[PDB]
Every structure is written in C-alpha cells, then in structure tokens.
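Given as structure tokens, the chain that follows is alone and in the form deposited in one PDB entry.
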C-alpha cells in the first residue's frame, strides 16, 4: 500500500521560489531514500537529489548549484523540495521517488508536480472559428475547428457539442510564443454532407481565468 502524493500545480514568477510536498505512506518513512527527479516539457529525466529522512542526510546535483534544498518531516512522513532563483528553464514536472534497499532504486513515484515559470499574468483566451468550406475541389469530407489563442497559463480544455462529439476530434498541444501567452487549436473532421444538419460548437474551458466560451463554427 505504498503511495506518494505530491502537492498541486504551481505557477511562479522568474526569480521566485517553490516548495513541493511529497506525502508518503505504506512503509517505514525513516529508512528509505527519497529522490527528486525533474522533467522539462518534452525532454528527458533529470536527477535533482535525495534525502534520507532517518538522519536528514542529503545529496544534490552540482548543476543546480545550491538552488535545491531537500527536507523531510518525520512526524508527517512528508518530504519537501525547494527550488530557488527560478528561471523559465525550471518549467517542468517534479517527481518524488522512493527507494527500497537491495537495488530497488526509484521503485515508487509520485503523480508529479507541474511548475511553470514565466512572468505572464493570468488571462483567458480568445476563441475564433476555423470555419468549414471547400465548394468545388474534391475529397468530400469537411474539417472544422476552433482557434484558442493568447491565454495563460495552461491548461485549457476543449470539447465538442458538450462531449457528444468525441470521434474525429484532435486538440493540438499548446505552443508558447514570444508573448507570455499560449495558443492552440481543436479540430474535427465530419461528413461534409452534415454541415447543414448538425450544429457544431466548441466548448473552451480555461479554469485558471474562470473563462468558458462556446463558439459555433458555421460554414461559409
């Protein structure tokens, strides 16, 4: 019944600090090494350090040059990881992992904790229609979607017809740009023969800014 539950997502301004919790259960907390591993978006795994709660012993990775401080609270079986002087490159998922003596390195992992680092301010997105059309040509089968643009921070959720339309839908991973803002599109292919029968609406939900918008994508 071993389990590792980390704290929720975090959004921090550059130069600031973050402290991620790692609640452990199901084993003798004091006698297993807690390791911390990070993962920048679309990139590999990075060993950050380790702590032995039983004696507070800690080891770190040199690259972080002291910007990392690992602590452990025996009374609550919780391990902490504090990053200092945050920069954009520190934007990543942070995992806590538990060892089991006799070779079982990093056998248990937490669900991960997302930390995004930018100076952008919370903002709801603009929602534009990607209208279906064609007229002549050929290949009879229509594409339509929604341009969800200029929002911060992640994530945004998109559905179609309030969930009724799931087949054919493709919601692309958001891309960050020169502005602090994100942007993405949600597209779906349907029978072009149906543009006159089925009303299509994209349901954009941006929790961080409490923004919800339903945009109808009509032909033209």
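Residue numbers count along the first chain shown, from 1. The term rigid core refers to the maximal set of C-alpha atoms that superpose within 1.5 Å between the two forms.
There is also a form deposited in another entry; it is not shown, and the following applies to it.
- Comparing the forms between the shown form and the other one on their rigid core, the Cα displacement of residue 43 reaches 2 Å or more.
- An increase of at least 3 Å in the separation of the C-alpha atoms of residue 43 and residue 169 is found in the other entry, compared with the displayed form.
- Pairwise change in the other entry: residue 137 and residue 144 C-alpha atoms lie closer than in the shown form, at least 3 Å.
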